[PDB]
>>> print(open('coords_0.txt').read())   # compact mmCIF, N, CA and C atoms and all ligand atoms
# COMPACT_ATOMS: atom_id res chain seq x y z
N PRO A 1 67.35 87.51 95.32
CA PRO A 1 68.28 88.36 96.08
C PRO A 1 69.47 87.60 96.66
N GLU A 2 69.20 86.43 97.23
CA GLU A 2 70.22 85.64 97.91
C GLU A 2 71.32 85.17 96.95
N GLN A 3 70.95 84.82 95.72
CA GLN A 3 71.93 84.43 94.70
C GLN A 3 72.81 85.63 94.30
N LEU A 4 72.19 86.79 94.10
CA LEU A 4 72.92 88.00 93.73
C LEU A 4 73.89 88.42 94.84
N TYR A 5 73.37 88.54 96.06
CA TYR A 5 74.16 88.92 97.23
C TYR A 5 75.35 87.96 97.44
N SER A 6 75.12 86.67 97.21
CA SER A 6 76.19 85.67 97.28
C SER A 6 77.28 85.93 96.24
N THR A 7 76.86 86.21 95.01
CA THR A 7 77.79 86.46 93.92
C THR A 7 78.61 87.73 94.17
N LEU A 8 77.94 88.82 94.54
CA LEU A 8 78.63 90.09 94.81
C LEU A 8 79.61 90.01 95.98
N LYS A 9 79.22 89.31 97.05
CA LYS A 9 80.11 89.07 98.18
C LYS A 9 81.40 88.35 97.76
N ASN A 10 81.26 87.26 97.01
CA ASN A 10 82.44 86.52 96.52
C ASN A 10 83.34 87.40 95.65
N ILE A 11 82.72 88.20 94.78
CA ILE A 11 83.48 89.08 93.90
C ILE A 11 84.31 90.07 94.71
N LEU A 12 83.67 90.76 95.66
CA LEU A 12 84.36 91.78 96.44
C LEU A 12 85.45 91.15 97.32
N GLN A 13 85.18 89.95 97.83
CA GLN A 13 86.17 89.19 98.58
C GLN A 13 87.43 88.90 97.79
N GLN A 14 87.26 88.36 96.59
CA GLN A 14 88.41 88.05 95.74
C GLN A 14 89.16 89.34 95.37
N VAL A 15 88.41 90.40 95.06
CA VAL A 15 89.05 91.66 94.68
C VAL A 15 89.86 92.27 95.85
N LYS A 16 89.28 92.31 97.05
CA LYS A 16 89.94 92.96 98.19
C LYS A 16 91.15 92.19 98.71
N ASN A 17 91.19 90.89 98.43
CA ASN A 17 92.31 90.05 98.86
C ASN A 17 93.40 89.91 97.79
N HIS A 18 93.18 90.50 96.62
CA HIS A 18 94.13 90.45 95.50
C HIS A 18 95.40 91.23 95.87
N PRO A 19 96.59 90.74 95.46
CA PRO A 19 97.83 91.42 95.85
C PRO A 19 97.96 92.88 95.38
N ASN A 20 97.24 93.24 94.33
CA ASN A 20 97.23 94.60 93.82
C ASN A 20 96.10 95.47 94.37
N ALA A 21 95.37 94.96 95.36
CA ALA A 21 94.26 95.70 95.97
C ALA A 21 94.70 96.73 97.01
N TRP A 22 95.95 96.65 97.46
CA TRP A 22 96.39 97.44 98.62
C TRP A 22 96.20 98.96 98.50
N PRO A 23 96.36 99.55 97.28
CA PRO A 23 96.13 101.00 97.23
C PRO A 23 94.68 101.43 97.47
N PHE A 24 93.73 100.49 97.39
CA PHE A 24 92.30 100.81 97.32
C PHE A 24 91.52 100.39 98.56
N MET A 25 92.22 99.98 99.61
CA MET A 25 91.57 99.41 100.78
C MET A 25 90.92 100.47 101.66
N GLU A 26 91.44 101.69 101.63
CA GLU A 26 90.91 102.80 102.41
C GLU A 26 90.73 104.01 101.52
N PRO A 27 89.85 104.95 101.91
CA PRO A 27 89.70 106.15 101.09
C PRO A 27 90.98 106.98 101.01
N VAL A 28 91.17 107.61 99.86
CA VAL A 28 92.31 108.49 99.64
C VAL A 28 92.26 109.59 100.70
N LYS A 29 93.41 109.90 101.30
CA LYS A 29 93.53 110.96 102.29
C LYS A 29 93.91 112.26 101.60
N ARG A 30 93.27 113.35 102.03
CA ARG A 30 93.59 114.68 101.50
C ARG A 30 95.07 114.99 101.64
N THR A 31 95.64 114.65 102.80
CA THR A 31 97.06 114.91 103.05
C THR A 31 98.00 114.14 102.13
N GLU A 32 97.60 112.96 101.65
CA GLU A 32 98.46 112.19 100.75
C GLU A 32 98.30 112.59 99.28
N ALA A 33 97.19 113.23 98.93
CA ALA A 33 96.95 113.66 97.54
C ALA A 33 96.27 115.03 97.51
N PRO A 34 97.03 116.10 97.83
CA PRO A 34 96.41 117.43 97.84
C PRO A 34 95.61 117.73 96.57
N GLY A 35 94.35 118.14 96.73
CA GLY A 35 93.48 118.47 95.60
C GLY A 35 92.66 117.32 95.02
N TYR A 36 92.92 116.10 95.49
CA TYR A 36 92.22 114.91 94.99
C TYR A 36 90.70 115.07 95.03
N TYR A 37 90.19 115.60 96.14
CA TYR A 37 88.74 115.72 96.32
C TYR A 37 88.14 116.93 95.59
N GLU A 38 88.97 117.74 94.94
CA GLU A 38 88.48 118.74 93.99
C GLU A 38 88.34 118.15 92.59
N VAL A 39 89.37 117.44 92.14
CA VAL A 39 89.44 116.94 90.76
C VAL A 39 88.77 115.58 90.52
N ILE A 40 88.74 114.73 91.55
CA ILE A 40 87.97 113.48 91.50
C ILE A 40 86.62 113.70 92.17
N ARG A 41 85.57 113.75 91.36
CA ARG A 41 84.25 114.16 91.84
C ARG A 41 83.52 113.07 92.63
N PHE A 42 83.82 111.80 92.36
CA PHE A 42 83.19 110.72 93.10
C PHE A 42 84.17 109.62 93.50
N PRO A 43 84.89 109.87 94.61
CA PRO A 43 85.83 108.92 95.19
C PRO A 43 85.14 107.63 95.57
N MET A 44 85.88 106.53 95.45
CA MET A 44 85.41 105.26 95.93
C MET A 44 86.60 104.42 96.36
N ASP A 45 86.35 103.51 97.29
CA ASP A 45 87.37 102.60 97.80
C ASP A 45 86.69 101.33 98.27
N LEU A 46 87.49 100.32 98.58
CA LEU A 46 86.96 99.00 98.89
C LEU A 46 86.36 98.87 100.29
N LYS A 47 86.80 99.71 101.23
CA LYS A 47 86.19 99.72 102.56
C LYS A 47 84.76 100.25 102.46
N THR A 48 84.60 101.35 101.72
CA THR A 48 83.29 101.94 101.48
C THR A 48 82.37 100.95 100.78
N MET A 49 82.91 100.22 99.81
CA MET A 49 82.11 99.23 99.09
C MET A 49 81.68 98.08 99.99
N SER A 50 82.57 97.65 100.88
CA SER A 50 82.24 96.58 101.83
C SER A 50 81.13 97.03 102.78
N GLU A 51 81.20 98.29 103.20
CA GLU A 51 80.18 98.87 104.08
C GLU A 51 78.83 98.92 103.38
N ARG A 52 78.82 99.39 102.13
CA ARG A 52 77.60 99.44 101.33
C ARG A 52 77.01 98.06 101.07
N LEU A 53 77.87 97.10 100.75
CA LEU A 53 77.43 95.72 100.49
C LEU A 53 76.81 95.11 101.75
N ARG A 54 77.50 95.25 102.88
CA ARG A 54 77.04 94.71 104.16
C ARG A 54 75.70 95.32 104.58
N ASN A 55 75.52 96.60 104.28
CA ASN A 55 74.26 97.30 104.54
C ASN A 55 73.12 96.94 103.57
N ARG A 56 73.37 96.00 102.66
CA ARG A 56 72.39 95.55 101.66
C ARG A 56 71.90 96.68 100.75
N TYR A 57 72.80 97.61 100.45
CA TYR A 57 72.48 98.75 99.59
C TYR A 57 72.56 98.39 98.10
N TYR A 58 73.25 97.29 97.77
CA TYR A 58 73.40 96.86 96.37
C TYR A 58 72.35 95.82 95.97
N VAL A 59 71.09 96.23 95.82
CA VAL A 59 70.03 95.28 95.42
C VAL A 59 70.05 94.94 93.93
N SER A 60 70.89 95.64 93.16
CA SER A 60 71.16 95.31 91.77
C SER A 60 72.66 95.16 91.58
N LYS A 61 73.04 94.36 90.58
CA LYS A 61 74.44 94.20 90.21
C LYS A 61 75.04 95.50 89.67
N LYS A 62 74.20 96.34 89.07
CA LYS A 62 74.67 97.50 88.31
C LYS A 62 75.38 98.55 89.17
N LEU A 63 74.83 98.82 90.36
CA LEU A 63 75.42 99.77 91.31
C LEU A 63 76.79 99.29 91.78
N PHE A 64 76.84 98.01 92.12
CA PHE A 64 78.05 97.36 92.60
C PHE A 64 79.14 97.45 91.54
N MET A 65 78.80 97.07 90.31
CA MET A 65 79.77 97.10 89.22
C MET A 65 80.27 98.51 88.95
N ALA A 66 79.36 99.48 89.00
CA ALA A 66 79.72 100.88 88.74
C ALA A 66 80.67 101.43 89.81
N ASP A 67 80.34 101.18 91.08
CA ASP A 67 81.19 101.61 92.20
C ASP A 67 82.58 101.00 92.11
N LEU A 68 82.65 99.70 91.85
CA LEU A 68 83.93 99.01 91.82
C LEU A 68 84.76 99.49 90.63
N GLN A 69 84.12 99.62 89.46
CA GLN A 69 84.79 100.18 88.28
C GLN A 69 85.35 101.57 88.57
N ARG A 70 84.60 102.39 89.30
CA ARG A 70 85.03 103.76 89.58
C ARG A 70 86.28 103.82 90.46
N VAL A 71 86.48 102.82 91.32
CA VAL A 71 87.73 102.73 92.11
C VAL A 71 88.91 102.80 91.15
N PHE A 72 88.84 102.00 90.09
CA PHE A 72 89.95 101.87 89.15
C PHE A 72 90.03 103.05 88.18
N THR A 73 88.89 103.50 87.66
CA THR A 73 88.91 104.63 86.73
C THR A 73 89.37 105.92 87.41
N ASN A 74 88.93 106.16 88.65
CA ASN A 74 89.44 107.31 89.41
C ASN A 74 90.96 107.27 89.46
N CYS A 75 91.49 106.11 89.81
CA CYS A 75 92.93 105.94 89.96
C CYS A 75 93.66 106.19 88.65
N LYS A 76 93.10 105.66 87.56
CA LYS A 76 93.75 105.75 86.25
C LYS A 76 93.56 107.12 85.59
N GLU A 77 92.62 107.92 86.09
CA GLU A 77 92.45 109.29 85.63
C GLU A 77 93.35 110.25 86.40
N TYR A 78 93.51 110.00 87.70
CA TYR A 78 94.30 110.89 88.55
C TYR A 78 95.81 110.70 88.42
N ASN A 79 96.26 109.44 88.41
CA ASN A 79 97.68 109.12 88.54
C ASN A 79 98.39 108.97 87.20
N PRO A 80 99.71 109.25 87.18
CA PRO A 80 100.52 108.98 85.99
C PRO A 80 100.51 107.50 85.63
N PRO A 81 100.47 107.18 84.32
CA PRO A 81 100.51 105.79 83.86
C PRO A 81 101.70 104.99 84.40
N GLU A 82 102.83 105.63 84.66
CA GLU A 82 103.99 104.91 85.19
C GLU A 82 103.99 104.76 86.72
N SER A 83 102.94 105.23 87.39
CA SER A 83 102.86 105.12 88.84
C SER A 83 102.40 103.73 89.28
N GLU A 84 102.87 103.31 90.45
CA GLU A 84 102.47 102.02 91.01
C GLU A 84 100.96 101.94 91.23
N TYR A 85 100.34 103.03 91.70
CA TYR A 85 98.88 103.03 91.89
C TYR A 85 98.15 102.73 90.57
N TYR A 86 98.53 103.43 89.51
CA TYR A 86 97.94 103.21 88.19
C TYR A 86 98.10 101.76 87.75
N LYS A 87 99.31 101.23 87.91
CA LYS A 87 99.60 99.87 87.48
C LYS A 87 98.75 98.87 88.25
N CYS A 88 98.62 99.07 89.56
CA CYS A 88 97.76 98.22 90.39
C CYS A 88 96.32 98.28 89.92
N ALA A 89 95.84 99.49 89.65
CA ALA A 89 94.47 99.69 89.19
C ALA A 89 94.21 98.92 87.89
N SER A 90 95.15 98.97 86.95
CA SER A 90 95.02 98.26 85.67
C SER A 90 94.94 96.75 85.86
N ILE A 91 95.81 96.21 86.70
CA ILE A 91 95.83 94.78 86.98
C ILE A 91 94.54 94.35 87.67
N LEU A 92 94.15 95.09 88.70
CA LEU A 92 92.97 94.70 89.47
C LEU A 92 91.68 94.87 88.68
N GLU A 93 91.65 95.87 87.80
CA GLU A 93 90.52 96.12 86.92
C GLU A 93 90.29 94.94 85.98
N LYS A 94 91.37 94.39 85.44
CA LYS A 94 91.31 93.19 84.60
C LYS A 94 90.81 91.98 85.39
N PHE A 95 91.27 91.84 86.63
CA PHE A 95 90.79 90.77 87.50
C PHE A 95 89.29 90.91 87.74
N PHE A 96 88.87 92.12 88.11
CA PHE A 96 87.46 92.47 88.25
C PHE A 96 86.64 92.07 87.01
N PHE A 97 87.10 92.46 85.82
CA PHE A 97 86.40 92.12 84.56
C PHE A 97 86.25 90.61 84.37
N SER A 98 87.32 89.88 84.65
CA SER A 98 87.30 88.42 84.56
C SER A 98 86.28 87.82 85.54
N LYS A 99 86.22 88.37 86.76
CA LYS A 99 85.26 87.91 87.77
C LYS A 99 83.80 88.15 87.38
N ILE A 100 83.50 89.33 86.84
CA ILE A 100 82.12 89.62 86.42
C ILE A 100 81.70 88.83 85.17
N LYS A 101 82.63 88.61 84.24
CA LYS A 101 82.36 87.78 83.06
C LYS A 101 82.15 86.32 83.47
N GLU A 102 82.99 85.85 84.39
CA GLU A 102 82.85 84.53 84.99
C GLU A 102 81.47 84.30 85.60
N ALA A 103 80.92 85.34 86.23
CA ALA A 103 79.63 85.26 86.92
C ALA A 103 78.42 85.51 86.00
N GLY A 104 78.67 85.81 84.73
CA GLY A 104 77.61 86.05 83.76
C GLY A 104 76.88 87.37 83.95
N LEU A 105 77.59 88.37 84.46
CA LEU A 105 76.98 89.65 84.83
C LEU A 105 77.07 90.73 83.75
N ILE A 106 77.77 90.46 82.65
CA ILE A 106 77.85 91.43 81.54
C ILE A 106 76.52 91.45 80.79
N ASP A 107 76.15 92.63 80.30
CA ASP A 107 74.87 92.83 79.60
C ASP A 107 74.69 91.87 78.44
N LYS A 108 73.53 91.20 78.41
CA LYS A 108 73.16 90.33 77.30
C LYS A 108 72.56 91.16 76.16
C1 LIG B 201 95.04 105.74 102.39
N1 LIG B 201 96.07 105.40 101.40
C2 LIG B 201 96.74 104.15 101.76
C3 LIG B 201 97.86 103.85 100.79
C4 LIG B 201 97.35 103.80 99.36
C5 LIG B 201 96.57 105.06 99.04
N2 LIG B 201 95.99 105.04 97.70
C6 LIG B 201 95.93 106.07 96.85
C7 LIG B 201 96.41 107.37 97.24
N3 LIG B 201 96.40 108.42 96.48
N4 LIG B 201 95.90 108.29 95.22
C8 LIG B 201 95.92 109.51 94.42
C9 LIG B 201 95.39 107.14 94.68
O1 LIG B 201 94.96 107.11 93.53
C10 LIG B 201 95.42 106.01 95.57
CL1 LIG B 201 94.78 104.52 94.95
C11 LIG B 201 95.48 105.30 100.06
>>> encode(input="coords_0.txt", output="structure tokens", more="lines below")
Ligand SMILES: CN1CCC[C@@H](Nc2cnn(C)c(=O)c2Cl)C1
Amino acid sequence: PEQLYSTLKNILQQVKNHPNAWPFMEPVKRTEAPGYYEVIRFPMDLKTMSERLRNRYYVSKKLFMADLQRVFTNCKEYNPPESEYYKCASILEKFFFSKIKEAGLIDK
């Protein structure tokens, strides 16, 4: 557990401090995206992920990876490809992928 928790903490740290992480630091507000919570069925953001991680809710890598991936896929499904949010999501998603591959967390 201690090795996994250490790895996941470092990953989320690097992701949340990335220059393209800013759109994902807090949950999407209804007022800023009317209808978001109708069309995006499972919202996720990095504050929520930090709360879940700190609460020791991620006893497997799989939940953590799925939640973090969904931050980016939600963004890239909702927003226009030419939007800054979409572009940030694409960049940060690639960073995320590099971090999980670096840690040996991809399925063998
Ligand atoms: C709370 N708010 C702070 C600024 C950035 C924003 N991020 C959004 C907003 N709307 N939508 C639709 C998004 O996809 C994102 Cl990432 C979230």
>>> residues_near_ligand(input="coords_0.txt", ligand="ligand LIG 201 (chain B)", cutoff="6 Å", atoms="only N, CA and C atoms and all ligand atoms", output="list in words")
residues 22, 23, 24, 26, 27, 28, 29, 32, 33, 74, 75, 79 and 85 of chain A
>>> atom_distance(input="coords_0.txt", atom1="atom CA of residue 65 of chain A", atom2="atom N of residue 82 of chain A")
25.0 Å
>>> closest_residue(input="coords_0.txt", among="A:2, A:89, A:49, A:108", to="residue 21 of chain A", atoms="all atoms listed in the file")
A:89
>>> atom_distance(input="coords_0.txt", atom1="atom N of residue 18 of chain A", atom2="atom N of residue 59 of chain A")
22.8 Å
>>> atom_distance(input="coords_0.txt", atom1="atom C of residue 88 of chain A", atom2="atom C of residue 20 of chain A")
5.3 Å
>>> build_atoms(input="coords_0.txt", residues="segment 54-78 of chain A", atoms="N, CA, C and O atoms", output="PDB file, in the frame of the given file")
ATOM      1  N   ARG A  54      77.500  95.250 102.880  1.00  0.00           N
ATOM      2  CA  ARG A  54      77.040  94.710 104.160  1.00  0.00           C
ATOM      3  C   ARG A  54      75.700  95.320 104.580  1.00  0.00           C
ATOM      4  O   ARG A  54      74.856  94.639 105.167  1.00  0.00           O
ATOM      5  N   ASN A  55      75.520  96.600 104.280  1.00  0.00           N
ATOM      6  CA  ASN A  55      74.260  97.300 104.540  1.00  0.00           C
ATOM      7  C   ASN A  55      73.120  96.940 103.570  1.00  0.00           C
ATOM      8  O   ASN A  55      72.036  97.518 103.656  1.00  0.00           O
ATOM      9  N   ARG A  56      73.370  96.000 102.660  1.00  0.00           N
ATOM     10  CA  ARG A  56      72.390  95.550 101.660  1.00  0.00           C
ATOM     11  C   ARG A  56      71.900  96.680 100.750  1.00  0.00           C
ATOM     12  O   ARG A  56      70.742  96.690 100.317  1.00  0.00           O
ATOM     13  N   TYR A  57      72.800  97.610 100.450  1.00  0.00           N
ATOM     14  CA  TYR A  57      72.480  98.750  99.590  1.00  0.00           C
ATOM     15  C   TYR A  57      72.560  98.390  98.100  1.00  0.00           C
ATOM     16  O   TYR A  57      71.992  99.097  97.269  1.00  0.00           O
ATOM     17  N   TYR A  58      73.250  97.290  97.770  1.00  0.00           N
ATOM     18  CA  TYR A  58      73.400  96.860  96.370  1.00  0.00           C
ATOM     19  C   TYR A  58      72.350  95.820  95.970  1.00  0.00           C
ATOM     20  O   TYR A  58      72.681  94.645  95.757  1.00  0.00           O
ATOM     21  N   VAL A  59      71.090  96.230  95.820  1.00  0.00           N
ATOM     22  CA  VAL A  59      70.030  95.280  95.420  1.00  0.00           C
ATOM     23  C   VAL A  59      70.050  94.940  93.930  1.00  0.00           C
ATOM     24  O   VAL A  59      69.320  94.053  93.484  1.00  0.00           O
ATOM     25  N   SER A  60      70.890  95.640  93.160  1.00  0.00           N
ATOM     26  CA  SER A  60      71.160  95.310  91.770  1.00  0.00           C
ATOM     27  C   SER A  60      72.660  95.160  91.580  1.00  0.00           C
ATOM     28  O   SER A  60      73.456  95.765  92.303  1.00  0.00           O
ATOM     29  N   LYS A  61      73.040  94.360  90.580  1.00  0.00           N
ATOM     30  CA  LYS A  61      74.440  94.200  90.210  1.00  0.00           C
ATOM     31  C   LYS A  61      75.040  95.500  89.670  1.00  0.00           C
ATOM     32  O   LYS A  61      76.234  95.738  89.808  1.00  0.00           O
ATOM     33  N   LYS A  62      74.200  96.340  89.070  1.00  0.00           N
ATOM     34  CA  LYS A  62      74.670  97.500  88.310  1.00  0.00           C
ATOM     35  C   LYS A  62      75.380  98.550  89.170  1.00  0.00           C
ATOM     36  O   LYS A  62      76.389  99.113  88.748  1.00  0.00           O
ATOM     37  N   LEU A  63      74.830  98.820  90.360  1.00  0.00           N
ATOM     38  CA  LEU A  63      75.420  99.770  91.310  1.00  0.00           C
ATOM     39  C   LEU A  63      76.790  99.290  91.780  1.00  0.00           C
ATOM     40  O   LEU A  63      77.744 100.073  91.868  1.00  0.00           O
ATOM     41  N   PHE A  64      76.840  98.010  92.120  1.00  0.00           N
ATOM     42  CA  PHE A  64      78.050  97.360  92.600  1.00  0.00           C
ATOM     43  C   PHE A  64      79.140  97.450  91.540  1.00  0.00           C
ATOM     44  O   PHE A  64      80.262  97.866  91.828  1.00  0.00           O
ATOM     45  N   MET A  65      78.800  97.070  90.310  1.00  0.00           N
ATOM     46  CA  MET A  65      79.770  97.100  89.220  1.00  0.00           C
ATOM     47  C   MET A  65      80.270  98.510  88.950  1.00  0.00           C
ATOM     48  O   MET A  65      81.461  98.719  88.726  1.00  0.00           O
ATOM     49  N   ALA A  66      79.360  99.480  89.000  1.00  0.00           N
ATOM     50  CA  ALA A  66      79.720 100.880  88.740  1.00  0.00           C
ATOM     51  C   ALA A  66      80.670 101.430  89.810  1.00  0.00           C
ATOM     52  O   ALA A  66      81.658 102.079  89.485  1.00  0.00           O
ATOM     53  N   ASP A  67      80.340 101.180  91.080  1.00  0.00           N
ATOM     54  CA  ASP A  67      81.190 101.610  92.200  1.00  0.00           C
ATOM     55  C   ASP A  67      82.580 101.000  92.110  1.00  0.00           C
ATOM     56  O   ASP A  67      83.576 101.694  92.274  1.00  0.00           O
ATOM     57  N   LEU A  68      82.650  99.700  91.850  1.00  0.00           N
ATOM     58  CA  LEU A  68      83.930  99.010  91.820  1.00  0.00           C
ATOM     59  C   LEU A  68      84.760  99.490  90.630  1.00  0.00           C
ATOM     60  O   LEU A  68      85.950  99.769  90.775  1.00  0.00           O
ATOM     61  N   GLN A  69      84.120  99.620  89.460  1.00  0.00           N
ATOM     62  CA  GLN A  69      84.790 100.180  88.280  1.00  0.00           C
ATOM     63  C   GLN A  69      85.350 101.570  88.570  1.00  0.00           C
ATOM     64  O   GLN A  69      86.456 101.897  88.131  1.00  0.00           O
ATOM     65  N   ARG A  70      84.600 102.390  89.300  1.00  0.00           N
ATOM     66  CA  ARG A  70      85.030 103.760  89.580  1.00  0.00           C
ATOM     67  C   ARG A  70      86.280 103.820  90.460  1.00  0.00           C
ATOM     68  O   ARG A  70      87.074 104.759  90.348  1.00  0.00           O
ATOM     69  N   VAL A  71      86.480 102.820  91.320  1.00  0.00           N
ATOM     70  CA  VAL A  71      87.730 102.730  92.110  1.00  0.00           C
ATOM     71  C   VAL A  71      88.910 102.800  91.150  1.00  0.00           C
ATOM     72  O   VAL A  71      89.842 103.590  91.324  1.00  0.00           O
ATOM     73  N   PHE A  72      88.840 102.000  90.090  1.00  0.00           N
ATOM     74  CA  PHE A  72      89.950 101.870  89.150  1.00  0.00           C
ATOM     75  C   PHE A  72      90.030 103.050  88.180  1.00  0.00           C
ATOM     76  O   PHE A  72      91.128 103.555  87.923  1.00  0.00           O
ATOM     77  N   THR A  73      88.890 103.500  87.660  1.00  0.00           N
ATOM     78  CA  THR A  73      88.910 104.630  86.730  1.00  0.00           C
ATOM     79  C   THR A  73      89.370 105.920  87.410  1.00  0.00           C
ATOM     80  O   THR A  73      90.111 106.695  86.825  1.00  0.00           O
ATOM     81  N   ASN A  74      88.930 106.160  88.650  1.00  0.00           N
ATOM     82  CA  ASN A  74      89.440 107.310  89.410  1.00  0.00           C
ATOM     83  C   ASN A  74      90.960 107.270  89.460  1.00  0.00           C
ATOM     84  O   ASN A  74      91.636 108.255  89.167  1.00  0.00           O
ATOM     85  N   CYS A  75      91.490 106.110  89.810  1.00  0.00           N
ATOM     86  CA  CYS A  75      92.930 105.940  89.960  1.00  0.00           C
ATOM     87  C   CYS A  75      93.660 106.190  88.650  1.00  0.00           C
ATOM     88  O   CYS A  75      94.698 106.867  88.632  1.00  0.00           O
ATOM     89  N   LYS A  76      93.100 105.660  87.560  1.00  0.00           N
ATOM     90  CA  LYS A  76      93.750 105.750  86.250  1.00  0.00           C
ATOM     91  C   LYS A  76      93.560 107.120  85.590  1.00  0.00           C
ATOM     92  O   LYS A  76      94.277 107.455  84.650  1.00  0.00           O
ATOM     93  N   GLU A  77      92.620 107.920  86.090  1.00  0.00           N
ATOM     94  CA  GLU A  77      92.450 109.290  85.630  1.00  0.00           C
ATOM     95  C   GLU A  77      93.350 110.250  86.400  1.00  0.00           C
ATOM     96  O   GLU A  77      93.896 111.185  85.837  1.00  0.00           O
ATOM     97  N   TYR A  78      93.510 110.000  87.700  1.00  0.00           N
ATOM     98  CA  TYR A  78      94.300 110.890  88.550  1.00  0.00           C
ATOM     99  C   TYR A  78      95.810 110.700  88.420  1.00  0.00           C
ATOM    100  O   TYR A  78      96.561 111.672  88.366  1.00  0.00           O
TER     101      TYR A  78
END
